[PDB]
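Below sits a lone chain in structure tokens, taken as the form deposited in one PDB entry.
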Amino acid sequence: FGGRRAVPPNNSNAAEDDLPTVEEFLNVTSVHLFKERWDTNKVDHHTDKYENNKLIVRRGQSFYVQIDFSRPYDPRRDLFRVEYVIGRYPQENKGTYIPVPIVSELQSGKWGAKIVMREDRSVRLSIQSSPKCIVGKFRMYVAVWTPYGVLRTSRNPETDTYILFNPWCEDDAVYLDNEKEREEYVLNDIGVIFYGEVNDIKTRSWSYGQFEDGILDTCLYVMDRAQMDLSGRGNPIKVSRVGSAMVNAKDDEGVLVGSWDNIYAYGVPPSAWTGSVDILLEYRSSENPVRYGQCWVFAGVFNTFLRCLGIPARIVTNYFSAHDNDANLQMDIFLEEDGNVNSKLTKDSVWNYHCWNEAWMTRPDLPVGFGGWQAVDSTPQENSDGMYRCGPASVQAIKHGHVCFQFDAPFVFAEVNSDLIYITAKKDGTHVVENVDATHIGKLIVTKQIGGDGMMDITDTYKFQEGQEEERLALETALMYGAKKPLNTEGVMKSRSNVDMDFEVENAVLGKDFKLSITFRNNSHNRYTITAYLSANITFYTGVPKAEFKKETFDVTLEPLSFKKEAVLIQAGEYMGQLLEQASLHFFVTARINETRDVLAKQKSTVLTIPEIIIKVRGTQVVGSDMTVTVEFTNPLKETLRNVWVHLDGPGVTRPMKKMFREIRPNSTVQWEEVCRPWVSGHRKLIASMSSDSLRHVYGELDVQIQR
């Protein structure tokens, strides 16, 4: 029936059919998967770290199982085979129903088994899985082909077996050829998210926690909620392409609700989150989108999803990101007739930093050469389909402008290759392009280094160094495939009468004043008069201004070779009042060389140094033994913070925790003593954060070393 299709879609790893026990000789008393987390199997499969009771193993690699019989296995007349099935509608044709046959010799990526030793009643087999196997939780049944009918085992929940990707197996589409890379990109459950701005790069630890109790199952849960076809779950392109779309909630849909309002009335403010665990568990339990996440939060969660299933993944930060670009390689900045920054239209904003992920895999859907790191960005933005995550887009294709190859490459290409165009919004409704900035746009792309907590400059992966031939070509190539530069930048724009002008912003602290030094370097043998303008705005990290806080203006003169340094002083009581969550200010320093009428423009942004939370541990750093932990946060502002949430986190040390303090008087210090009883050995981190209805985006971490 259902003229649509013979058997209904097999899309729930949770739905299960029960295979018939009896459609005759030999019957299995017991099956012995050599589970145990210190045992050969999990260990050799690099799955020993999952807090999981069932056997977890990796596709394309063998494992041992011992089947116990009612009487010696007799190789002459006795015949049996293992079965692996998934979904409510297996179909051997589709990979959901898999019969492992007892064979002589195991060969290249082909399901198979070998009696590796047989004794009184027990055969120890070495079963191998196919490197293209589907990823999920399978059911195992041992069948015996009696001449009358096949009689198989019963539904035994204790034999459920998970099969994950295997970055270690050379035939797996997700194979990382380096061990160091595999520990970092797959095995590490802690990571670092780089934020702030290029000149003042800040960092913060995040608990990926892929091995934490219940994550594996919820990742499977995610795909089910996505009705993801089971035969697709063994393909990296689709897992990631589908997973990435569930991360951000489209009303009731995905995992996290996005929010960039400095309030966060009904959820946990994005800045609060210490890791993924907290979020995924809440999702599963609630079966509803978690309240409030933002760009680096979406990447943190998605990175858990990839590393848990076994796909090599990493979080990347782009400095000065052209998100919401619609494939335009030009961001507009509108100027006033005189030269001041116009604000009627200057709605487009660059992000101080933007976080997206990179997943490792091959691309057999593309020419050979585009495999490796694929950029996937769960933070939606309009693409060909309409406001969705973007990618996988091959980084290597991004780099050379082959934006015609799939998964939204152009929208991820324009994020790191746009030109700033400064235009004059004249009177007669006309516009004139003054100057163009081709270098602000994707200054630094960074990711946590394999070594430890340092940053790693991966900029050259997405782009070539400026002025070199290829760079001009890559850009001109992307333009052939749909990327657009609408404002013809006719010919040249400026010359600056070779008047140079920069300006450093002394990185201050919350509440402190700081100076903003402006600099003109007259390189010519002439005298020029300049009317430079200063516009300082309070902005969200996305670059959306909340209000302009200081708008000074300078007449300055540069005689032939007159290098003249002008200086402003930003006053604490001036910004302190309207500051937003990340404490970033943005400045616009435009200018007009009155002689030639060369508008000069530069902009930068700065973040106010908010200070660390202090975590200190007293006690015995030994697994299974109490350890006391102290989080100490000192209210830096001279104002009282109210309803202060402090969060302690640490994979292997504690389940994420929260506590509240009604208030914290100005300049006061609070203390939180919490005992943790670890279960993981080695290098671990405690992670902390603080959020109050006033200030937030404060963190702290400590690397403790534990043993047994």
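Position 1 is the first residue in the sequence shown; the rest follow in order.
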Query raised in the report: From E23 on to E24, does the model leave out none, 1 to 3, 4 to 9, or 10 or more residues of the deposited sequence?
Result: 10 or more
Report summary line: The stretch carrying the higher mean Cα B factor in the deposited entry, 294-302 or 187-195, is 187-195
Query - Which of 549-557 and 381-389 has higher mean CA B factor, as the PDB entry lists it - result: 549-557
Requested in this report: Pick out which of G577, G624, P486, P270 has the highest C-alpha B-factor in the PDB entry.
Outcome: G577
Query raised in the report: Out of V65, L648, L55, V670, which one has a C-alpha B factor higher than all the others in the entry?
Result: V670
Report task. Would you check the entry's CA temperature factor for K180 and let me know if it's in the chain's lowest, middle or highest third? Result -> middle
Report summary line: Entry-reported C-alpha B-factor of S205 relative to its chain, by third, is middle
Query raised in the report: Which third, lowest, middle or highest, does the CA B-factor of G258 fall in along this chain?
Result: middle
Query raised in the report: What third of its chain, lowest, middle or highest, does the C-alpha temperature factor of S12 fall into?
Result: middle
Query - Record-listed C-alpha B factor of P236: chain third - result: lowest
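Keep in mind that the form deposited with a partner chain bound is not shown, yet the notes after this line are about it.
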Requested in this report: Mark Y422 yes when one of its heavy atoms lies within 4.5 Å of a heavy atom of its partner chain in the deposited bound form, and no otherwise.
Outcome: yes
Query raised in the report: Does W260 make contact with its partner chain in the deposited bound form, using a 4.5 Å heavy atom cut-off?
Result: yes
Query raised in the report: Is there a heavy atom of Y353 lying 4.5 Å or less from a heavy atom of its partner chain in the deposited bound form?
Result: yes
Query raised in the report: Does its partner chain come within 4.5 Å of any heavy atom of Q294 in the deposited bound form?
Result: yes
Report summary line: Exactly one listed stretch (120-128, 328-336, 281-289, 599-607) reaches within 4.5 angstroms of its partner chain in the deposited bound form by non-hydrogen atoms, and it is 328-336
Query raised in the report: Heavy atom within 4.5 Å of its partner chain in the deposited bound form: which of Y185, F320, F633, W273?
Result: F320
Report summary line: Among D217, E434, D348, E566, just one has a heavy atom within 4.5 Å of its partner chain in the deposited bound form, namely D348
